[PDB]
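One chain comes next, on its own, written as structure tokens: the form deposited in one PDB entry.
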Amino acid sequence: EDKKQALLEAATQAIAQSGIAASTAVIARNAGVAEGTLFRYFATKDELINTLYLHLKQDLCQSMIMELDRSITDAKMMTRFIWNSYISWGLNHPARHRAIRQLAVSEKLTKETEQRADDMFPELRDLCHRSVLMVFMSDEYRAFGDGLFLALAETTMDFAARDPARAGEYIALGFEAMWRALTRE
């Protein structure tokens, strides 16, 4: 029923379809509400980008909480579980993936948003006792590394969706491509 969730869902769809340029008028209309109502929730496109990114990240991380087992010590096994979690989430919720990938490479996420993103799920930190995933790049390239992860993830989802009889095969082959590209031992 509640208007914030309706606006966040409408913003998810609109950005998934149109990118960050998506219109607040269209988003407000697709929700129940007047555009003025939308502005009381997010006064700027910049704040909507930041709010929606944290919303989508929270949703993903909660799905990962449901799926992840902590008897796992092996970094590669833990990374595979994370990858499987992300692919499932984007196959279940294609617009949430499409939206988050455009928000992630928008140049509009604030340092406050990054810290709230890094903080929100302590349970998902570390899960490596020191880390393997994308720690080899300079800080300037962390967004680029995230973009490559998302590109490999999106291609894996596309083939698994089109050819579901081999979905697990695409997910495993995509994981090993991601692992080689974005880790070092």
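Each form is matched to the other, and the largest set of C-alpha atoms that superpose within 1.5 Å is called the rigid core. Residues that one form lacks are left out of the comparison. Start at 1 with the first residue shown and count on from there.
The protein also exists as the form deposited in another entry; that form is not presented, and the subsequent description refers to it.
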{"query": "Which of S131, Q58, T155, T44 is displaced between this form and the one not shown by 2 angstroms or more at its C-alpha, rigid core aligned", "finding": "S131"}
{"query": "Residue shift check between this form and the one not shown, rigid core fit, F121 Cα at least 2 Å", "finding": "yes"}
{"query": "Relative Cα spacing, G147 and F136, in the other form - shift of 3 Å or more", "finding": "closer"}
{"query": "Pair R130/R180, Cα separation in the other form versus the displayed form, closer or farther by 3 angstroms or more", "finding": "closer"}
{"query": "Displacement runs between this form and the one not shown, C-alpha, 2 Å or more, three or more consecutive residues, core aligned", "finding": "120-139"}
